[PDB]
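Just work.txt here, compact mmCIF, C-alpha atoms (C1' of nucleotides):
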# COMPACT_ATOMS: atom_id res chain seq x y z
CA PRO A 99 10.51 -29.63 -3.10
CA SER A 100 14.23 -29.00 -2.53
CA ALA A 101 17.09 -30.76 -0.76
CA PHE A 102 16.31 -29.47 2.73
CA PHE A 103 12.61 -29.92 1.95
CA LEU A 104 13.02 -33.68 1.47
CA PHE A 105 15.75 -33.77 4.14
CA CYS A 106 14.04 -32.14 7.16
CA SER A 107 11.14 -34.64 7.23
CA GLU A 108 12.52 -37.83 5.66
CA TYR A 109 15.16 -37.80 8.42
CA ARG A 110 12.87 -36.16 11.01
CA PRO A 111 11.85 -39.43 12.77
CA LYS A 112 15.54 -40.36 13.19
CA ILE A 113 15.61 -37.63 15.88
CA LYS A 114 11.90 -37.47 16.68
CA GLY A 115 12.16 -40.95 18.17
CA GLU A 116 14.72 -39.29 20.45
CA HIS A 117 13.74 -35.60 20.57
CA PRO A 118 10.12 -34.99 21.64
CA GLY A 119 10.38 -31.59 19.94
CA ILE A 122 9.19 -30.28 16.78
CA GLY A 123 12.04 -27.83 16.32
CA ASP A 124 14.88 -29.33 18.34
CA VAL A 125 14.65 -32.64 16.45
CA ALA A 126 15.21 -31.14 13.00
CA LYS A 127 17.56 -28.53 14.50
CA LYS A 128 20.70 -30.69 14.51
CA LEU A 129 19.38 -32.16 11.26
CA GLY A 130 19.91 -28.69 9.81
CA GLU A 131 23.45 -28.68 11.20
CA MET A 132 24.22 -32.03 9.56
CA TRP A 133 22.67 -30.72 6.33
CA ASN A 134 24.93 -27.66 6.57
CA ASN A 135 28.13 -29.59 7.32
CA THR A 136 27.73 -31.56 4.07
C1' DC B 1 -43.05 5.91 40.95
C1' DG B 2 -40.56 1.31 42.41
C1' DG B 3 -41.46 -3.78 41.82
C1' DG B 4 -41.88 -7.60 38.58
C1' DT B 5 -41.78 -10.53 33.29
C1' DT B 6 -39.46 -10.83 28.91
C1' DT B 7 -34.97 -11.10 26.49
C1' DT B 8 -30.55 -12.14 27.08
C1' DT B 9 -26.67 -13.71 29.28
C1' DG B 10 -23.04 -16.29 32.87
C1' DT B 11 -22.56 -21.36 33.50
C1' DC B 12 -21.70 -26.16 34.39
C1' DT B 13 -16.72 -29.86 33.64
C1' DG B 14 -15.91 -33.33 29.32
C1' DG B 15 -14.55 -34.51 25.57
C1' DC B 16 -14.10 -32.52 20.55
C1' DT B 17 -12.63 -30.09 17.19
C1' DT B 18 -9.79 -27.24 13.68
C1' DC B 19 -6.19 -25.20 13.33
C1' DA B 20 -2.56 -21.58 14.66
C1' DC B 21 2.00 -22.55 15.82
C1' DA B 22 6.31 -23.40 17.59
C1' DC B 23 11.83 -23.53 14.26
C1' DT B 24 14.88 -23.94 10.85
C1' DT B 25 16.44 -22.41 5.45
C1' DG B 26 16.43 -21.84 0.91
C1' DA B 27 13.19 -21.42 -3.20
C1' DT B 28 9.69 -19.06 -4.79
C1' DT B 29 6.50 -14.88 -5.30
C1' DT B 30 5.09 -9.88 -4.60
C1' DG B 31 6.06 -4.69 -3.90
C1' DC B 32 7.97 -0.85 -5.06
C1' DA B 33 11.31 1.57 -6.85
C1' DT B 34 13.99 2.89 -10.86
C1' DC B 35 15.06 3.59 -16.23
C1' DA B 36 15.40 5.09 -21.09
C1' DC B 37 12.42 7.42 -24.04
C1' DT B 38 9.09 10.50 -26.06
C1' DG B 39 6.93 17.15 -27.38
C1' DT B 40 11.04 19.33 -31.50
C1' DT B 41 7.08 28.32 -30.57
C1' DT B 42 5.76 31.74 -29.60
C1' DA B 43 0.55 34.58 -30.25
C1' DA B 44 -1.52 38.81 -28.89
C1' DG B 45 -0.29 43.32 -26.92
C1' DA B 46 2.51 47.70 -24.89
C1' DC B 47 6.09 50.93 -25.53
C1' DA B 48 9.89 53.09 -27.96
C1' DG B 49 12.61 55.19 -31.21
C1' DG B 50 13.65 56.16 -36.02
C1' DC B 51 12.76 57.31 -40.73
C1' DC B 52 10.11 59.62 -43.76
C1' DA B 53 6.61 62.59 -45.38
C1' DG B 54 3.64 66.02 -45.35
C1' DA B 55 2.33 70.27 -43.01
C1' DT B 56 3.31 75.09 -41.41
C1' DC B 57 5.56 79.59 -40.32

Please re-express this file's structure in structure tokens.
Amino acid sequence: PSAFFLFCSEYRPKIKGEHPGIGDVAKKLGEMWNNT
DNA sequence: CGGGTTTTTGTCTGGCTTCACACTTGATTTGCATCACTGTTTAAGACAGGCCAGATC
């Protein structure tokens, strides 16, 4: 388990309740993990 | 001989199932190359001069 490991799923529902899909949901989550 | 009785298949539309699989991104494993290092000559056999020594005219 790494940062993105426990960051792609722990914050997954925060976009999965908006994005039905499951790449596009965590996609912008990767961008907000990269910005920081 | 061609026609007929077995094994073997297509076959139903439903709901079921396990699981491959989309889509990132870094932390691991795994593959395959490199790398620095080691052994520390002869031994038979052919041919040639050359020196010497004994033979011969």

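Atom CA of residue 128 of chain A is found 11.0 Å from atom CA of residue 112 of chain A.
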
**Study point:** Sel. within 9 Å of pt (9.2, -24.7, 17.3), counting only C-alpha atoms (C1' of nucleotides), output as a list in words
**Key:** residues 119, 122, 123 and 124 of chain A; 21, 22, 23 and 24 of chain B

Just the selected residues (C-alpha atoms (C1' of nucleotides)), exported as an mmCIF file, in the coordinates of the input, please.
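Output below, filename out.cif:
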data_model
loop_
_atom_site.group_PDB
_atom_site.id
_atom_site.type_symbol
_atom_site.label_atom_id
_atom_site.label_comp_id
_atom_site.auth_asym_id
_atom_site.auth_seq_id
_atom_site.Cartn_x
_atom_site.Cartn_y
_atom_site.Cartn_z
ATOM 1 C CA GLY A 119 10.380 -31.590 19.940
ATOM 2 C CA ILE A 122 9.190 -30.280 16.780
ATOM 3 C CA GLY A 123 12.040 -27.830 16.320
ATOM 4 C CA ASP A 124 14.880 -29.330 18.340
ATOM 5 C "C1'" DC B 21 2.000 -22.550 15.820
ATOM 6 C "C1'" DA B 22 6.310 -23.400 17.590
ATOM 7 C "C1'" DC B 23 11.830 -23.530 14.260
ATOM 8 C "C1'" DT B 24 14.880 -23.940 10.850
#

List the spatial neighbours of residue 130 of chain A as a PDB file with C-alpha atoms (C1' of nucleotides), in the coordinates of the input - criterion: any atom at most 10 Å away, all atoms listed in the file, same-chain residues fewer than 4 positions off excluded.
ATOM      1  CA  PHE A 102      16.310 -29.470   2.730  1.00  0.00           C
ATOM      2  CA  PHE A 105      15.750 -33.770   4.140  1.00  0.00           C
ATOM      3  CA  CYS A 106      14.040 -32.140   7.160  1.00  0.00           C
ATOM      4  CA  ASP A 124      14.880 -29.330  18.340  1.00  0.00           C
ATOM      5  CA  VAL A 125      14.650 -32.640  16.450  1.00  0.00           C
ATOM      6  CA  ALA A 126      15.210 -31.140  13.000  1.00  0.00           C
ATOM      7  CA  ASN A 134      24.930 -27.660   6.570  1.00  0.00           C
ATOM      8  CA  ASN A 135      28.130 -29.590   7.320  1.00  0.00           C
TER       9      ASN A 135
ATOM     10  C1'  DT B  24      14.880 -23.940  10.850  1.00  0.00           C
ATOM     11  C1'  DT B  25      16.440 -22.410   5.450  1.00  0.00           C
TER      12       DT B  25
END

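For the atom pair formed by atom CA of residue 133 of chain A and atom CA of residue 111 of chain A, the distance is 15.3 Å, given to one decimal.
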
**Study point:** d(atom CA of residue 103 of chain A, atom CA of residue 136 of chain A) in Å
**Key:** 15.4 Å
